[PDB]
């Protein structure tokens, strides 16, 4: 399977948005590290994690056996589970937010500029 051939799933109701860790995550390098996930209504995603450096990766939602996953452009596959204003994602808890960090915002705009209109 190729990333290009992955069938992009529309976001289920309530999942589209910006999601960000609100406190220390034991999975991350240090307590001040932050992870964010963008989910568009069409099912495009962006996984942006930062501390001393930023690592950001576009992806796509996939529906497999009625469960939702993020599939990154490098073919990492991560189940996404939502409960209200929080998601479980790659061993972290992210909360719904209205705005992401500037460096996630900038990286997202940059990535999107090479994609379709």
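Positions refer to the first chain, counted from 1.
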On mean C-alpha B-factor from the PDB entry, just flag whether 63-71 or 80-88 is the higher one.
63-71
Quick note on 1-9 and 106-114: per-entry mean CA temperature factor is higher in 1-9
Residue 14, C-alpha B-factor rank within chain (lowest, middle or highest third)
middle
Third of the chain's Cα B-factor distribution that residue 30 belongs to, per the entry:
middle
Third assignment of residue 93 from its chain's C-alpha B-factors:
middle
